[PDB]
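In the form deposited without this ligand, a lone chain appears below as structure tokens.
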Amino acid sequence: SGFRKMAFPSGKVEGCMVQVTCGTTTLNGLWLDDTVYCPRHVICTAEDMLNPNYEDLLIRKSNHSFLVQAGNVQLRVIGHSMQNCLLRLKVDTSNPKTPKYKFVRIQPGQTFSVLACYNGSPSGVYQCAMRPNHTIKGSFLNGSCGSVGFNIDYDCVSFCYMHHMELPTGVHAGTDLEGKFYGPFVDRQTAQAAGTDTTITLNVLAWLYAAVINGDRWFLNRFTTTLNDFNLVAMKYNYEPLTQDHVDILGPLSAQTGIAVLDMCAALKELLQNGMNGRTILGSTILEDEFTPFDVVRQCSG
């Protein structure tokens, strides 16, 4: 009894952070085995950001151009290459602290923990969700470029995200561990806007279900609605429209609680048009949209 957004223990990830400097620029690197991962824009010097040719800047540099520091001890860089927007430095020492890990690409709506790092040193950890416009909120303001996002499964650590830039709207944009961006974002300092900031409807429903499992129930109603009508309404309030696959994903949660998806939808529709009016659901005065149908199980369903 008591729900709360939680991040994964950062322990195993903190032992993988390092510091990478090139010229006058310093940011976070990810040390796994004999490799350190970090944004390629580290080889860009402040003014070259307007429109860089990473291919050209990179060739004009040697292993000796890079300074990595495992905390205070320095690692020798004996190789460098570029995989998309990521820089891959081959080091002489294989990180003794390397955990079991995988590289995966997540989708908007999915959640993961972020270990906000400051110049190579761990500063804070938070749980967030990839927004529908492919960005990540959590205005973790600082020199955190290179901070990694991740999920911890059993013993395995799955890295899903790496931080690259702050968009001209706040919110952040990053890449997966293969160097491919999330969203229609480029590694430059050109004008760029992210899509519309919308609520993750799938997650909000997940949350209402969890609340139901948690004895909370005041918002429920005997009405049922169609997917279209519910979608027509949701959009007026800035909630993402619910696609068919989304309703499938709400399957299990719908098994327990014995509440049909379209039932819960009618409940949310009512909440949208009327409001909570001071009352709270599961503790907040606002709806939580960063909890996934899965999280709901990983913590409840059982």
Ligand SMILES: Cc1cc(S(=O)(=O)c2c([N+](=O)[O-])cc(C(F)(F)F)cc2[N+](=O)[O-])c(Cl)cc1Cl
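Residue numbers run from 1 along the displayed sequence. We call the rigid core the largest set of C-alpha positions that still match within 1.5 Å between the two forms.
Chemist: Going by the B-factors listed in the PDB entry, is the mean over the C-alpha atoms higher for 234-242 or for 37-45?
Modeler: Averaging CA B-factors over each stretch, the winner is 37-45.
Chemist: Which is higher on average in the deposited entry, the C-alpha temperature factors of 48-56 or of 249-257?
Modeler: For C-alpha atoms only, the mean B-factor is higher in 48-56.
Chemist: Report the option among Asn151, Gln127, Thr198, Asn214 whose CA atom has the maximum B-factor in the deposited record.
Modeler: Spelled out: the listed residue with the top C-alpha B-factor is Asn214.
Chemist: Per the PDB entry, which option out of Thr111, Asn72, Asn84, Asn228 has the greatest Cα B factor?
Modeler: Largest recorded C-alpha B-factor: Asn72.
Chemist: For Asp155, does the deposited CA B-factor place it in the lowest, middle or highest third of the chain?
Modeler: It falls in the top third of the chain.
Chemist: Sorting the chain's modelled residues by C-alpha B-factor, tell me whether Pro122 ends up in the lowest, middle or highest third.
Modeler: Middle third by C-alpha B-factor.
Chemist: Looking at the temperature factor on the CA atom of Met276, which third of the chain's modelled residues does it land in?
Modeler: Highest third of the chain for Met276's C-alpha B-factor.
Chemist: Could you place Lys100 in the lowest, middle or highest third of its chain by Cα temperature factor, using the values in the record?
Modeler: As the PDB entry reports it, the C-alpha B-factor of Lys100 lands in the middle third of its chain.
Chemist: Comparing against every modelled residue in the chain, figure out the third that the C-alpha B-factor of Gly146 lands in (lowest, middle or highest).
Modeler: Middle third by C-alpha B-factor.
Another form exists, deposited with this ligand bound; not displayed. Remarks below refer to it.
Chemist: Exactly one stretch in 208-216, 160-168, 226-234, 87-95 has heavy atoms within 4.5 Å of this ligand in the entry with it bound; which is it?
Modeler: So the stretch in question is 160-168.
Chemist: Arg105, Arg188, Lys102, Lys137: which sits within 4.5 Å of this ligand in the entry with it bound by any heavy atom?
Modeler: Comparing distances to this ligand in the entry with it bound, the residue within 4.5 Å is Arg188.
Chemist: Taking this ligand in the entry with it bound as the reference, which of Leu27, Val261, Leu271, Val68 has a non-hydrogen atom within 4.5 Å?
Modeler: Only one listed residue qualifies here, and that residue is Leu27.
Chemist: Give a yes/no on whether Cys145 approaches this ligand to within 4.5 Å in the entry with it bound, heavy atoms considered.
Modeler: Output for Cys145 is yes: heavy atoms within 4.5 Å of this ligand.
Chemist: Spell out, yes or no, whether the shortest heavy atom distance between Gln192 and this ligand in the entry with it bound is within 4.5 Å.
Modeler: Judged by the heavy-atom cut-off of 4.5 Å, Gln192 is in contact with this ligand in the entry with it bound.
Chemist: So which residues in 18-44, when you check this ligand in the entry with it bound, have a heavy atom no farther than 4.5 Å from it?
Modeler: Those in contact are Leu27, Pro39, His41.
Chemist: Which residue of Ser139, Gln107, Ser94, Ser81 is the mover here, meaning its C-alpha shifts by 2 Å or more between the shown form and the other one once both are aligned on the rigid core?
Modeler: By this measure, the answer is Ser139.
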